[PDB]
Amino acid sequence: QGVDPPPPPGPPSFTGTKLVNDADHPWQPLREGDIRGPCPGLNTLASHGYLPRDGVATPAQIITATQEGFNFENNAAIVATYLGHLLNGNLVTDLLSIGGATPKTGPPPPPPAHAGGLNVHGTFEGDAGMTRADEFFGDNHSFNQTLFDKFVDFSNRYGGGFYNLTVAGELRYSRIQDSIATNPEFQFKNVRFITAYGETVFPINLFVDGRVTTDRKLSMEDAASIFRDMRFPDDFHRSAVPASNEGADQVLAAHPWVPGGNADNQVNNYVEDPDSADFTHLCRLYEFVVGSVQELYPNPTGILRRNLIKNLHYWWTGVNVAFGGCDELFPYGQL
Ligand SMILES: *[C@@H]1O[C@H](CO)[C@@H](O[C@@H]2O[C@H](CO)[C@@H](O[C@@H]3O[C@H](CO[C@H]4O[C@H](CO[C@H]5O[C@H](CO)[C@@H](O)[C@H](O)[C@@H]5O)[C@@H](O)[C@H](O[C@H]5O[C@H](CO)[C@@H](O)[C@H](O)[C@@H]5O)[C@@H]4O)[C@@H](O)[C@H](O[C@H]4O[C@H](CO)[C@@H](O)[C@H](O)[C@@H]4O)[C@@H]3O)[C@H](O)[C@H]2NC(C)=O)[C@H](O)[C@H]1NC(C)=O
Ligand SMILES: *[C@@H]1O[C@H](CO)[C@@H](O[C@@H]2O[C@H](CO)[C@@H](O[C@@H]3O[C@H](CO[C@H]4O[C@H](CO)[C@@H](O)[C@H](O)[C@@H]4O)[C@@H](O)[C@H](O[C@H]4O[C@H](CO)[C@@H](O)[C@H](O)[C@@H]4O)[C@@H]3O)[C@H](O)[C@H]2NC(C)=O)[C@H](O)[C@H]1NC(C)=O
Ligand code: HEM
Ligand SMILES: COc1cccc(OC)c1O
Ligand SMILES: COc1cccc(OC)c1O
Ligand SMILES: COc1cccc(OC)c1O
Ligand SMILES: [Mg+2]
């Protein structure tokens with residue numbers, strides 16, 4: 001048995017600001033079995049009941065929740081969600097854990113596929129995050145107070161005590177440098193190289209209240225509330241427009257950087273990878289991930305094959321727009 005996965009939701013009918021921390025979506029504490037992970041956006045949505053409070057959801061539920069709760073732009077939602085689902089979800093049950101492994105995603109897929117959730121390191125989740133530490137140090141998912149203290153420090157140093165685009169530029173680079181110096185397994189290429197820039201502007205574009213139209217900047221109180229406690233600020237109103245990675249280009253421009261990693265299990269040994277995706281070679285990310293999916297699913301048949309074909313297509317519909325045109329790949333043929 002299994003599920004027939006629907007195509008992704010489109011943009012919301014209403015795209016203006018609104019109160020999202022409302023009576024129908026109260027913060028609630030974790031219960032036993034509830035899953036949380038490396039994403040403060042999804043974490044907050046689950047802890048306010050925009051997602052199932054147990055942190056396991058369908059792609060469709062994730063897309064709608066990111067739109068409803070934060071006005072995450074539809075294409076960005078599709079690109080992120082099916083990326084996470086293809087690599088880390090259960091394609092038969094159509095369920096993805098926003099954190100680690102759980103029976104709630106249903107019967108496990110055939111290895112080497114895992115449905116292990118967004119916590120799985122090395123193809124999606126990766127190094128030099130803002131409030132999470134690299135997997136090498138033992139925990140890639142929990143809030144890390146030391147890293148948050150650095151976030152605060154950089155906000156004091158470059159943003160007048162607030163997180164803004166200038167802070168994002170400085171913090172992104174400094175976090176790269178931390179990982180070069182301390183993590184001999186540090187990788188910063190392919191998916192991670194791309195996602196690591198967008199992630200640093202989401203707090204500006206999506207965590208700042210939507211009633212703020214000029215000089216958008218995030219207070220440390222609001223940052224702590226979301227990044228640490230998975231709680232919307234009091235009276236939080238979402239972005240007044242669909243938004244995602246606006247300004248990520250400026251973050252890169254502040255400290256130009258090339259995909260790569262520390263070679264040969266050694267610190268301070270960063271080598272460029274000329275084959276990696278980058279921001280002028282985005283379709284390589286698409287091809288790379290399709291390749292990764294084939295490694296996870298070398299010979300699917302039946303429902304699994306069907307659901308793979310559909311999810312791959314759904315992802316491509318977003319990638320095609322977001323990346324400015326990529327030739328669709330059909331590793332398992334057609335339906
Ligand atoms: C994230 O948050 C941060 C923090 O809030 C935020 O930072 C602000 O960013 C803006 C711009 O990005 C800053 O405003 C600019 O400041 C520039 C630097 O100014 C210095 O130099 C000025 C020029 O000096 C001349 O004259 C002196 C003699 O006095 C001489 O030695 C020099 O050689 C030179 O010839 C000087 O005017 C200025 O001093 C003034 O302001 C300070 C207060 O900061 C005051 O104490 C002084 O008495 C004096 O009034 C300072 O020393 C400046 O160049 C720049 O100017 C341009 O823009 C203005 C306005 O648009 C025009 O009027 C002007 O003609 C220029 O074209 C501008 O004012 C601001 O200071 C930052 N604030 C802080 C606290 O750091 C980031 O922007 C945020 N990021 C995002 C993306 O939002
Ligand atoms: C929350 O997140 C932080 C940050 O990721 C974690 O703290 C880091 O923990 C790691 C592992 O203990 C530390 O790594 C070691 O750092 C040494 C360098 O430290 C100095 O230099 C850096 C800047 O270059 C400063 O930030 C720091 O304060 C020090 O002044 C390295 O020399 C070590 O290398 C040795 O081990 C590696 C791995 O085996 C080898 O490859 C090397 O060859 C060598 O033998 C090592 O990498 C790191 O410094 C910590 N950072 C900070 C600033 O604390 C927290 O543990 C994590 N946990 C919490 C708080 O919940
Ligand atoms: C749409 C589906 C989403 C998926 C699948 C997703 C997935 C992820 C993953 C896997 C990470 C960890 C990245 C890493 O370690 O390399 C992450 C980080 C992050 N996500 Fe999400 N995310 C989604 C939506 C959102 C939304 C809507 C927001 C903001 C409103 C958001 C904000 C963030 C931020 C700020 C981080 C960085 C956390 C840190 O470094 O401290 N995400 N996300
Ligand atoms: C990781 O996803 C993306 C990377 C770069 C650009 C995007 O949309 C404009 C985008 O959605
Ligand atoms: C659309 O782009 C993204 C969505 C969710 C998380 C991301 O980086 C961690 C990211 O870059
Ligand atoms: C709606 O169109 C499709 C649905 C599922 C799979 C497809 O091609 C792989 C496809 O083209
Ligand atoms: Mg990470």
# chains A, B, ... in the order shown; residues from 1 in each chain; ligands from 1

$ residues_around --residues "stretch 91-93 of chain A" --least-positions-apart "4" --cutoff "6 Å" --atoms "only C-alpha atoms" --output "ChimeraX atom specification"
/A:2-3,304,307

$ write_last_selection --atoms "N, CA and C atoms" --output "PDB file, in the first residue's frame"
ATOM      1  N   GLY A   2       0.257   2.423   0.144  1.00  0.00           N
ATOM      2  CA  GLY A   2       0.943   3.703   0.222  1.00  0.00           C
ATOM      3  C   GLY A   2       0.015   4.856  -0.165  1.00  0.00           C
ATOM      4  N   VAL A   3       0.596   6.023  -0.432  1.00  0.00           N
ATOM      5  CA  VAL A   3      -0.165   7.223  -0.733  1.00  0.00           C
ATOM      6  C   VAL A   3       0.132   7.655  -2.168  1.00  0.00           C
ATOM      7  N   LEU A 304       6.840   2.902  -4.932  1.00  0.00           N
ATOM      8  CA  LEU A 304       8.036   3.675  -4.645  1.00  0.00           C
ATOM      9  C   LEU A 304       8.516   4.355  -5.925  1.00  0.00           C
ATOM     10  N   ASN A 307       6.096   7.147  -6.932  1.00  0.00           N
ATOM     11  CA  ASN A 307       6.149   8.308  -6.059  1.00  0.00           C
ATOM     12  C   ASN A 307       7.457   9.066  -6.255  1.00  0.00           C
TER      13      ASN A 307
END

$ closest_atom_pairs --of "chain A" --to "ligand 4" --cutoff "10 Å" --atoms "only C-alpha atoms and all ligand atoms" --output "tab-separated table"
residue	atom	partner	partner_atom_place_in_ligand_line	distance
A:73	CA	ligand 4	11 (O)	8.7
A:74	CA	ligand 4	11 (O)	9.2
A:75	CA	ligand 4	11 (O)	6.4
A:76	CA	ligand 4	11 (O)	4.0
A:77	CA	ligand 4	11 (O)	7.5
A:78	CA	ligand 4	11 (O)	8.0
A:79	CA	ligand 4	11 (O)	5.6
A:80	CA	ligand 4	1 (C)	6.3
A:83	CA	ligand 4	1 (C)	8.9
A:191	CA	ligand 4	1 (C)	7.5
A:192	CA	ligand 4	1 (C)	8.9
A:193	CA	ligand 4	1 (C)	9.4
A:194	CA	ligand 4	1 (C)	5.9
A:195	CA	ligand 4	1 (C)	5.1
A:196	CA	ligand 4	1 (C)	8.8
A:197	CA	ligand 4	4 (C)	8.6
A:198	CA	ligand 4	1 (C)	7.0
A:199	CA	ligand 4	1 (C)	9.1
A:243	CA	ligand 4	9 (C)	9.8
A:244	CA	ligand 4	11 (O)	7.5
A:245	CA	ligand 4	9 (C)	6.7
A:246	CA	ligand 4	9 (C)	8.1
A:248	CA	ligand 4	5 (C)	8.6
A:249	CA	ligand 4	5 (C)	9.5
A:278	CA	ligand 4	5 (C)	9.3
A:279	CA	ligand 4	5 (C)	7.1
A:280	CA	ligand 4	5 (C)	9.8
A:282	CA	ligand 4	5 (C)	7.3
A:285	CA	ligand 4	1 (C)	9.0
A:318	CA	ligand 4	11 (O)	7.7
A:319	CA	ligand 4	11 (O)	7.2
A:320	CA	ligand 4	8 (O)	9.8
A:321	CA	ligand 4	8 (O)	7.8
A:322	CA	ligand 4	8 (O)	4.1
A:323	CA	ligand 4	6 (C)	6.1
A:324	CA	ligand 4	9 (C)	8.5

$ write_last_selection --atoms "N, CA, C and O atoms" --output "CSV table (one decimal), in the first residue's frame"
chain,number,residue,atom,x,y,z
A,73,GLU,N,7.9,32.3,-0.1
A,73,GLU,CA,7.5,32.4,-1.5
A,73,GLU,C,7.4,30.9,-2.0
A,73,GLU,O,8.2,30.0,-1.7
A,74,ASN,N,6.3,30.7,-2.8
A,74,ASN,CA,5.9,29.4,-3.3
A,74,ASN,C,7.0,28.6,-3.9
A,74,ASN,O,7.2,27.4,-3.5
A,75,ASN,N,7.7,29.2,-4.9
A,75,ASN,CA,8.8,28.5,-5.6
A,75,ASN,C,9.9,28.1,-4.6
A,75,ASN,O,10.4,27.0,-4.7
A,76,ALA,N,10.3,29.0,-3.7
A,76,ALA,CA,11.3,28.7,-2.7
A,76,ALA,C,10.8,27.6,-1.8
A,76,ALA,O,11.6,26.7,-1.5
A,77,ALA,N,9.5,27.5,-1.5
A,77,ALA,CA,9.0,26.5,-0.6
A,77,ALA,C,9.0,25.1,-1.4
A,77,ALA,O,9.4,24.1,-0.7
A,78,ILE,N,8.8,25.1,-2.7
A,78,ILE,CA,8.7,23.9,-3.4
A,78,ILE,C,10.2,23.4,-3.6
A,78,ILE,O,10.4,22.2,-3.4
A,79,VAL,N,11.1,24.3,-3.8
A,79,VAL,CA,12.5,23.9,-4.0
A,79,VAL,C,13.0,23.3,-2.7
A,79,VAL,O,13.7,22.2,-2.7
A,80,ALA,N,12.8,23.9,-1.6
A,80,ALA,CA,13.3,23.4,-0.3
A,80,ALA,C,12.6,22.1,0.1
A,80,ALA,O,13.3,21.2,0.6
A,83,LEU,N,13.4,19.0,-2.1
A,83,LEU,CA,14.8,18.6,-1.8
A,83,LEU,C,14.9,17.8,-0.5
A,83,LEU,O,15.4,16.7,-0.5
A,191,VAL,N,24.9,21.4,-2.4
A,191,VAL,CA,23.7,22.0,-1.9
A,191,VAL,C,24.0,23.0,-0.8
A,191,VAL,O,23.5,24.1,-0.8
A,192,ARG,N,25.0,22.7,0.1
A,192,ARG,CA,25.2,23.5,1.2
A,192,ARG,C,25.7,24.9,0.8
A,192,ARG,O,25.3,25.9,1.4
A,193,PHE,N,26.6,24.9,-0.2
A,193,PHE,CA,27.1,26.2,-0.6
A,193,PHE,C,26.0,27.1,-1.0
A,193,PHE,O,26.0,28.3,-0.7
A,194,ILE,N,24.9,26.6,-1.6
A,194,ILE,CA,23.8,27.4,-2.1
A,194,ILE,C,23.0,27.8,-0.9
A,194,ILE,O,22.6,29.0,-0.7
A,195,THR,N,22.6,26.8,0.0
A,195,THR,CA,21.6,27.1,1.0
A,195,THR,C,22.2,27.9,2.1
A,195,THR,O,21.5,28.6,2.8
A,196,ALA,N,23.5,28.0,2.3
A,196,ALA,CA,24.2,28.6,3.4
A,196,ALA,C,24.1,30.2,3.2
A,196,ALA,O,24.2,30.8,4.2
A,197,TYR,N,23.8,30.7,2.0
A,197,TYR,CA,23.7,32.1,1.8
A,197,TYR,C,22.2,32.5,2.1
A,197,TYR,O,21.9,33.5,2.8
A,198,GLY,N,21.3,31.8,1.5
A,198,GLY,CA,19.8,32.1,1.7
A,198,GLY,C,19.5,32.0,3.2
A,198,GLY,O,18.7,32.9,3.7
A,199,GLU,N,20.0,31.1,3.9
A,199,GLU,CA,19.7,30.9,5.3
A,199,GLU,C,20.0,32.2,6.2
A,199,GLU,O,19.3,32.4,7.1
A,243,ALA,N,8.3,36.1,0.3
A,243,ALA,CA,9.7,36.4,0.3
A,243,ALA,C,10.5,35.1,0.6
A,243,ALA,O,10.0,34.1,1.1
A,244,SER,N,11.8,35.2,0.4
A,244,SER,CA,12.7,34.1,0.6
A,244,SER,C,14.2,34.6,0.7
A,244,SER,O,14.5,35.2,1.8
A,245,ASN,N,15.0,34.6,-0.3
A,245,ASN,CA,16.4,34.8,-0.2
A,245,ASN,C,16.9,36.1,-0.7
A,245,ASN,O,18.0,36.3,-1.1
A,246,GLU,N,16.0,37.2,-0.7
A,246,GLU,CA,16.3,38.5,-1.1
A,246,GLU,C,17.6,39.0,-0.4
A,246,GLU,O,17.6,38.9,0.9
A,248,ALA,N,20.7,37.7,-0.6
A,248,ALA,CA,21.7,36.6,-0.4
A,248,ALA,C,23.0,37.0,-1.3
A,248,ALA,O,24.1,36.6,-0.9
A,249,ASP,N,22.7,37.6,-2.4
A,249,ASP,CA,23.8,38.0,-3.3
A,249,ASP,C,24.7,39.0,-2.6
A,249,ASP,O,25.9,38.9,-2.8
A,278,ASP,N,27.5,26.6,-8.0
A,278,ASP,CA,27.7,27.9,-7.4
A,278,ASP,C,26.6,28.8,-7.9
A,278,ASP,O,25.7,28.2,-8.6
A,279,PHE,N,26.6,30.1,-7.6
A,279,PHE,CA,25.4,30.9,-8.0
A,279,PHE,C,25.3,31.3,-9.4
A,279,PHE,O,24.3,31.8,-9.8
A,280,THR,N,26.4,31.0,-10.2
A,280,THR,CA,26.2,31.1,-11.7
A,280,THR,C,26.2,29.8,-12.4
A,280,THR,O,26.2,29.7,-13.6
A,282,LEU,N,23.8,27.0,-11.2
A,282,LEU,CA,22.8,26.5,-10.3
A,282,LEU,C,22.3,25.1,-10.7
A,282,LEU,O,21.9,24.3,-9.9
A,285,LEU,N,23.4,21.9,-9.1
A,285,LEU,CA,22.8,21.5,-7.9
A,285,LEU,C,21.7,20.5,-8.2
A,285,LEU,O,21.6,19.5,-7.6
A,318,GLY,N,9.7,23.5,-9.5
A,318,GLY,CA,10.3,24.6,-8.7
A,318,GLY,C,11.7,25.0,-9.2
A,318,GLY,O,12.0,26.2,-9.4
A,319,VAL,N,12.5,24.0,-9.3
A,319,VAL,CA,13.9,24.3,-9.7
A,319,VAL,C,13.9,25.0,-11.1
A,319,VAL,O,14.8,25.9,-11.3
A,320,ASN,N,13.1,24.6,-12.0
A,320,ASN,CA,13.1,25.1,-13.4
A,320,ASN,C,12.9,26.7,-13.3
A,320,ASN,O,13.6,27.4,-14.0
A,321,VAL,N,12.0,27.1,-12.4
A,321,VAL,CA,11.8,28.6,-12.3
A,321,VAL,C,12.9,29.2,-11.5
A,321,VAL,O,13.5,30.1,-11.9
A,322,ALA,N,13.2,28.6,-10.3
A,322,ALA,CA,14.1,29.3,-9.4
A,322,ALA,C,15.5,29.4,-10.0
A,322,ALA,O,16.2,30.4,-9.7
A,323,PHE,N,15.9,28.4,-10.8
A,323,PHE,CA,17.3,28.4,-11.3
A,323,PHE,C,17.4,28.9,-12.7
A,323,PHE,O,18.5,28.9,-13.3
A,324,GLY,N,16.3,29.4,-13.3
A,324,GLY,CA,16.3,30.0,-14.6
A,324,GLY,C,16.4,29.0,-15.8
A,324,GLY,O,17.0,29.4,-16.8

$ residues_around --residues "residue A:58" --least-positions-apart "6" --cutoff "12 Å" --atoms "only C-alpha atoms" --output "short mmCIF file (atom, residue, chain, number, x, y, z; two decimals) with N, CA, C and O atoms, in the first residue's frame"
data_model
loop_
_atom_site.label_atom_id
_atom_site.label_comp_id
_atom_site.auth_asym_id
_atom_site.auth_seq_id
_atom_site.Cartn_x
_atom_site.Cartn_y
_atom_site.Cartn_z
N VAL A 3 0.60 6.02 -0.43
CA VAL A 3 -0.17 7.22 -0.73
C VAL A 3 0.13 7.66 -2.17
O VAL A 3 1.22 7.42 -2.67
N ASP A 4 -0.84 8.30 -2.81
CA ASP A 4 -0.62 8.94 -4.10
C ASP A 4 -0.33 10.43 -3.86
O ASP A 4 -1.23 11.17 -3.50
N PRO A 5 0.92 10.93 -4.05
CA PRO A 5 1.27 12.29 -3.65
C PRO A 5 0.71 13.37 -4.58
O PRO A 5 0.99 13.34 -5.77
N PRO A 6 -0.04 14.36 -4.06
CA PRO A 6 -0.64 15.41 -4.89
C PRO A 6 0.45 16.38 -5.35
O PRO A 6 1.51 16.44 -4.74
N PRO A 7 0.23 17.15 -6.44
CA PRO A 7 1.17 18.20 -6.81
C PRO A 7 1.21 19.26 -5.70
O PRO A 7 0.32 19.35 -4.87
N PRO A 8 2.29 20.05 -5.60
CA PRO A 8 2.40 21.04 -4.52
C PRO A 8 1.31 22.11 -4.59
O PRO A 8 0.86 22.47 -5.67
N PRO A 9 0.90 22.67 -3.44
CA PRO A 9 0.05 23.85 -3.41
C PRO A 9 0.71 24.98 -4.19
O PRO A 9 1.93 25.04 -4.29
N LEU A 51 2.19 23.32 11.43
CA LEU A 51 2.48 21.94 11.06
C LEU A 51 1.93 21.03 12.15
O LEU A 51 1.73 21.49 13.27
N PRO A 52 1.77 19.72 11.89
CA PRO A 52 1.51 18.77 12.97
C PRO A 52 2.55 18.98 14.07
O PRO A 52 3.74 19.16 13.80
N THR A 64 2.34 24.65 2.60
CA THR A 64 1.25 25.51 3.04
C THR A 64 1.63 26.20 4.35
O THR A 64 1.39 27.38 4.52
N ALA A 65 2.27 25.46 5.28
CA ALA A 65 2.65 26.02 6.58
C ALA A 65 3.66 27.17 6.43
O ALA A 65 3.52 28.18 7.10
N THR A 81 11.28 22.05 -0.06
CA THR A 81 10.51 20.97 0.53
C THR A 81 10.80 19.64 -0.18
O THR A 81 11.01 18.62 0.49
N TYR A 82 10.79 19.64 -1.51
CA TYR A 82 10.98 18.40 -2.24
C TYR A 82 12.46 17.99 -2.21
O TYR A 82 12.74 16.79 -2.28
N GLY A 84 14.31 18.34 0.54
CA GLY A 84 14.32 17.65 1.82
C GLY A 84 13.57 16.32 1.74
O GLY A 84 14.02 15.33 2.31
N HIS A 85 12.45 16.27 1.01
CA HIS A 85 11.64 15.06 0.97
C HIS A 85 12.33 13.96 0.16
O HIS A 85 12.37 12.82 0.60
N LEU A 86 12.85 14.30 -1.02
CA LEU A 86 13.51 13.32 -1.88
C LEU A 86 14.66 12.63 -1.13
O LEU A 86 14.76 11.40 -1.14
N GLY A 89 12.89 12.09 3.23
CA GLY A 89 11.53 11.70 3.56
C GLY A 89 11.19 10.27 3.12
O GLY A 89 11.96 9.62 2.42
N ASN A 90 9.99 9.84 3.50
CA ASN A 90 9.45 8.57 3.08
C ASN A 90 8.50 8.81 1.90
O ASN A 90 7.41 9.37 2.06
N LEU A 91 8.91 8.34 0.72
CA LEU A 91 8.22 8.66 -0.52
C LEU A 91 6.93 7.86 -0.64
O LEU A 91 6.00 8.31 -1.30
N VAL A 92 6.85 6.72 0.05
CA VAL A 92 5.68 5.86 -0.01
C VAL A 92 4.56 6.40 0.88
O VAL A 92 3.41 6.43 0.45
N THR A 93 4.90 6.80 2.12
CA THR A 93 3.90 7.35 3.02
C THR A 93 3.70 8.85 2.80
O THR A 93 2.77 9.42 3.33
N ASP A 94 4.60 9.49 2.04
CA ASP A 94 4.56 10.92 1.78
C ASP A 94 4.75 11.72 3.07
O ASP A 94 4.08 12.73 3.27
N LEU A 95 5.64 11.26 3.95
CA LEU A 95 5.88 11.91 5.23
C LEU A 95 7.37 12.24 5.37
O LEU A 95 8.22 11.43 5.02
N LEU A 96 7.64 13.43 5.91
CA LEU A 96 8.99 13.90 6.18
C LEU A 96 9.08 14.36 7.63
O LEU A 96 8.25 15.13 8.09
N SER A 97 10.10 13.86 8.33
CA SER A 97 10.49 14.33 9.66
C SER A 97 11.29 15.62 9.54
O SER A 97 12.26 15.64 8.80
N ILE A 98 10.93 16.65 10.32
CA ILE A 98 11.67 17.90 10.28
C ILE A 98 12.94 17.79 11.13
O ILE A 98 13.70 18.75 11.22
N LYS A 104 7.07 7.50 13.12
CA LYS A 104 5.94 8.25 12.60
C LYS A 104 5.98 8.43 11.07
O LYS A 104 4.96 8.76 10.49
N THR A 105 7.14 8.25 10.42
CA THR A 105 7.19 8.39 8.97
C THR A 105 6.78 7.08 8.29
O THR A 105 6.63 7.04 7.08
N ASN A 311 7.58 13.02 -7.33
CA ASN A 311 8.29 13.97 -6.47
C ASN A 311 9.43 14.62 -7.24
O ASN A 311 9.67 15.81 -7.11
#

$ residues_near_ligand --ligand "ligand 3" --cutoff "7 Å" --atoms "only C-alpha atoms and all ligand atoms" --output "JSON, numbers by chain"
{"A": [38, 39, 40, 41, 42, 62, 63, 66, 70, 72, 76, 77, 78, 80, 81, 83, 84, 118, 119, 124, 125, 126, 127, 129, 130, 131, 132, 140, 192, 195, 196, 199, 200, 202, 203, 206, 207, 227]}

$ residues_near_ligand --ligand "ligand 1" --cutoff "12 Å" --atoms "only C-alpha atoms and all ligand atoms" --output "count of residues only"
33

$ select_by_dssp --residues "stretch 183-215 of chain A" --states "alpha helix (DSSP H)" --output "list in words"
residues 190, 191, 192, 193, 194, 195, 196, 197, 198, 199, 200, 201, 202, 203, 204 and 205 of chain A

$ write_last_selection --atoms "N, CA and C atoms" --output "short mmCIF file (atom, residue, chain, number, x, y, z; two decimals), in the first residue's frame"
data_model
loop_
_atom_site.label_atom_id
_atom_site.label_comp_id
_atom_site.auth_asym_id
_atom_site.auth_seq_id
_atom_site.Cartn_x
_atom_site.Cartn_y
_atom_site.Cartn_z
N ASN A 190 28.21 22.17 -3.25
CA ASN A 190 26.95 21.64 -3.77
C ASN A 190 25.78 22.25 -3.00
N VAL A 191 24.90 21.43 -2.42
CA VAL A 191 23.66 21.97 -1.86
C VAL A 191 24.01 23.01 -0.80
N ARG A 192 24.95 22.67 0.08
CA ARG A 192 25.22 23.50 1.25
C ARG A 192 25.71 24.88 0.83
N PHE A 193 26.56 24.94 -0.20
CA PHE A 193 27.13 26.20 -0.62
C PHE A 193 25.99 27.14 -0.99
N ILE A 194 24.95 26.62 -1.63
CA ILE A 194 23.83 27.44 -2.06
C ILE A 194 22.96 27.82 -0.86
N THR A 195 22.59 26.83 -0.04
CA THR A 195 21.62 27.06 1.02
C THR A 195 22.20 27.94 2.12
N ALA A 196 23.53 27.95 2.25
CA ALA A 196 24.15 28.64 3.37
C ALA A 196 24.05 30.16 3.24
N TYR A 197 23.80 30.69 2.03
CA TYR A 197 23.66 32.13 1.84
C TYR A 197 22.19 32.53 2.09
N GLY A 198 21.25 31.80 1.48
CA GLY A 198 19.84 32.06 1.71
C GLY A 198 19.47 32.03 3.20
N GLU A 199 20.01 31.06 3.94
CA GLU A 199 19.65 30.90 5.34
C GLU A 199 19.98 32.16 6.16
N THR A 200 20.99 32.94 5.75
CA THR A 200 21.45 34.06 6.56
C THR A 200 20.57 35.27 6.32
N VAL A 201 19.74 35.26 5.27
CA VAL A 201 18.84 36.39 5.04
C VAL A 201 17.41 36.05 5.44
N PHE A 202 17.07 34.77 5.63
CA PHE A 202 15.72 34.43 6.04
C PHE A 202 15.36 35.17 7.34
N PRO A 203 16.25 35.32 8.34
CA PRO A 203 15.88 36.06 9.56
C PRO A 203 15.47 37.51 9.30
N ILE A 204 16.08 38.14 8.29
CA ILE A 204 15.76 39.50 7.91
C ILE A 204 14.42 39.54 7.16
N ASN A 205 14.27 38.67 6.16
CA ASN A 205 13.13 38.74 5.26
C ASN A 205 11.88 38.14 5.89
#

$ residues_around --residues "residue A:25" --least-positions-apart "3" --cutoff "6 Å" --atoms "only C-alpha atoms" --output "VMD selection string"
chain A and resid 22 48 to 49

$ atom_distance --atom1 "atom CA of residue A:241" --atom2 "atom CA of residue A:14"
9.7 Å

$ residues_around --residues "stretch 137-139 of chain A" --least-positions-apart "3" --cutoff "10 Å" --atoms "only C-alpha atoms" --output "ChimeraX atom specification"
/A:38,119,132-134,142-144,182-183

$ write_last_selection --atoms "N, CA and C atoms" --output "compact mmCIF listing (two decimals), in the first residue's frame"
# COMPACT_ATOMS: atom_id res chain seq x y z
N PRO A 38 16.94 21.03 12.70
CA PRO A 38 17.88 22.14 12.49
C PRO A 38 17.26 23.40 11.92
N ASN A 119 17.64 16.13 9.86
CA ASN A 119 18.89 16.04 10.61
C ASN A 119 20.00 15.31 9.84
N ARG A 132 23.33 26.43 14.92
CA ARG A 132 23.61 25.01 15.06
C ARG A 132 25.07 24.75 14.73
N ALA A 133 25.70 23.81 15.43
CA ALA A 133 27.10 23.45 15.25
C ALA A 133 27.23 22.37 14.19
N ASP A 134 28.42 22.25 13.59
CA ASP A 134 28.71 21.27 12.57
C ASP A 134 28.56 19.87 13.13
N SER A 142 20.52 20.72 17.57
CA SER A 142 20.15 21.50 18.75
C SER A 142 20.60 22.95 18.61
N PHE A 143 19.81 23.85 19.20
CA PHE A 143 20.27 25.21 19.42
C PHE A 143 21.57 25.19 20.23
N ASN A 144 22.51 26.07 19.86
CA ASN A 144 23.82 26.15 20.48
C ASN A 144 24.05 27.58 20.99
N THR A 182 38.45 24.58 12.72
CA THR A 182 38.18 23.66 13.82
C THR A 182 37.60 22.32 13.36
N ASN A 183 37.17 22.21 12.10
CA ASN A 183 36.44 21.03 11.66
C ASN A 183 37.19 20.41 10.48

$ residues_near_ligand --ligand "ligand 6" --cutoff "6 Å" --atoms "only C-alpha atoms and all ligand atoms" --output "PyMOL selection string"
chain A and resi 309-310+313+334

$ write_last_selection --atoms "N, CA, C and O atoms" --output "PDB file, in the first residue's frame"
ATOM      1  N   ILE A 309       9.025   9.263  -9.174  1.00  0.00           N
ATOM      2  CA  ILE A 309       8.888   9.959 -10.443  1.00  0.00           C
ATOM      3  C   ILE A 309       8.116  11.260 -10.227  1.00  0.00           C
ATOM      4  O   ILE A 309       8.522  12.306 -10.719  1.00  0.00           O
ATOM      5  N   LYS A 310       7.020  11.182  -9.473  1.00  0.00           N
ATOM      6  CA  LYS A 310       6.182  12.348  -9.213  1.00  0.00           C
ATOM      7  C   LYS A 310       6.933  13.423  -8.426  1.00  0.00           C
ATOM      8  O   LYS A 310       6.951  14.584  -8.827  1.00  0.00           O
ATOM      9  N   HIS A 313       9.529  15.204 -10.427  1.00  0.00           N
ATOM     10  CA  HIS A 313       8.882  16.174 -11.298  1.00  0.00           C
ATOM     11  C   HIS A 313       8.442  17.406 -10.503  1.00  0.00           C
ATOM     12  O   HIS A 313       8.680  18.521 -10.948  1.00  0.00           O
ATOM     13  N   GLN A 334       9.112   7.528 -17.202  1.00  0.00           N
ATOM     14  CA  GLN A 334       7.847   8.226 -17.029  1.00  0.00           C
ATOM     15  C   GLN A 334       6.818   7.290 -16.403  1.00  0.00           C
ATOM     16  O   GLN A 334       7.047   6.085 -16.327  1.00  0.00           O
TER      17      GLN A 334
END

$ select_by_dssp --residues "stretch 8-158 of chain A" --states "strand (DSSP E)" --output "number ranges by chain"
A: 56-57, 96-97

$ closest_residue --among "A:31, A:141, A:237, A:211" --to "ligand 7" --atoms "only C-alpha atoms and all ligand atoms"
A:141

$ closest_residue --among "A:271, A:56, A:152, A:176" --to "ligand 2" --atoms "only C-alpha atoms and all ligand atoms"
A:176

$ residues_around --residues "residue A:226" --least-positions-apart "4" --cutoff "7 Å" --atoms "only C-alpha atoms" --output "VMD selection string"
chain A and resid 40 44 222 230 to 232

$ atom_distance --atom1 "atom CA of residue A:26" --atom2 "atom CA of residue A:117"
24.9 Å

$ atom_distance --atom1 "atom CA of residue A:71" --atom2 "atom CA of residue A:242"
4.8 Å
